[PDB]
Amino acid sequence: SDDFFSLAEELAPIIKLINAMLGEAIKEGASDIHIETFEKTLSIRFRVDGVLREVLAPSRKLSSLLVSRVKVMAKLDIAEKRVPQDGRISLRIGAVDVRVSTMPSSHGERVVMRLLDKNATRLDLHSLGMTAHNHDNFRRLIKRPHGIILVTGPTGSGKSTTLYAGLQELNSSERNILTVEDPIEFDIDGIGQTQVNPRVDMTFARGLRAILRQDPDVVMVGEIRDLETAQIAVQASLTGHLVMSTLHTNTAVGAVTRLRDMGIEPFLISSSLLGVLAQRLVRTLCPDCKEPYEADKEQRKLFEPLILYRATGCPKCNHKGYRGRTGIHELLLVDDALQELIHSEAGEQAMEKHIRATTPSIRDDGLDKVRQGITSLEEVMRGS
């Protein structure tokens, strides 16, 4: 039921159109949908496997309606027309994550729906691209009885993915693993998952307090945004729970800084923190069109002829010569000397200096993967 092109042949029905268009986009395997306004006409385009195409040019009159409709679905400001807006939608087709972005433009806000699959995001702990060392130390870390483990990085770092991987590795029936999320990304099975619900003042803080009355061995908090959730988090870790969470800081040592700045007692950070996994996503070079070169003298400084690889571009990729992505990481492990450094508020430079004797930086991690020709030198250097 409900074909986009049929419904297009007639000039709400604006709800049946949007759903049908989404439905047709998914049927075609399209990555993105574009609704744009031009002075004398309107335009709908679909991107499929790189290729962009016009699929419909309905009357200019419809533009304000299709824009509004996508807004209300993504939970946004119908009134606001002058500034960018970004919403989310979860939908069942017969499950699709659709990211909608709008934008002021010379004849009407432009809109794109980003349409991602829910499943390609579901990776296990050995499939995130951790090096053998990081993998080993991280697996030994999440198996500890109590303390806080933070997964950190900027937006798009893949922090939710590595939490889920970690939880799944622990998901035995000997453990009681409870979760509070905003929202839940999916169901794991074996793990009690709890969504934050603003509609009843069920916040991260309230939910996490409740979790502790359910006798958990491990608890996950979707993220630590305010002092209050940090306070409970730290108390939970100090009373025999293993706690896992995220911050959006930019370095492993910056996690400590962020915690202090938020107002957690420096001593209490130093006695609860087990470790901080800082993390970035780099695109993996398309193995089909990736081209070998010989590193020049300046590129060598960063590391016989040294063979690295470069992007290029082909149909099997599209926009650039990259298919897929992988993680690069830095795993901070707390020891006696570092506790002193945290407690004494020594600062980022002194903590980093200490950690380097044992652990390589995210850049070195990235550079190793460049060496292996998994990714380009550009892709690693641009985030650094």
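Start at 1 and count along the sequence shown; that's the residue number.
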Are any deposited residues left out of the model between residue 94 and residue 95, and how many (none, 1 to 3, 4 to 9, 10 or more)?
-> 1 to 3
Enter the number of deposited residues without atomic coordinates between residue 303 and residue 304, binned as none, 1 to 3, 4 to 9, or 10 or more.
-> 4 to 9
Averaging the C-alpha temperature factors as deposited, the higher value of 291 to 299 versus 210 to 218 falls on 291 to 299
Tell me which of 130 to 138 and 245 to 253 has the higher mean C-alpha B-factor in the deposited entry.
-> 245 to 253
Say you rank 159, 143, 175, 225 by Cα B-factor from the PDB entry; which sits at the top?
-> 225
Which is it among 233, 167, 285, 120: the one with the largest CA B-factor in the entry?
-> 120
In terms of the CA temperature factor given in the entry, to which third of its chain does residue 264 belong: lowest, middle or highest?
-> middle
Split the chain's modelled residues into thirds by Cα B-factor; residue 348 lands in the middle
Residue 85 by Cα B-factor - lowest, middle or highest third of the modelled chain | highest
Sorting the chain's modelled residues by C-alpha B-factor, tell me whether residue 57 ends up in the lowest, middle or highest third.
-> middle
Would you mind ranking residue 325 by its C-alpha B-factor against the rest of the chain and naming the third, lowest, middle or highest?
-> middle
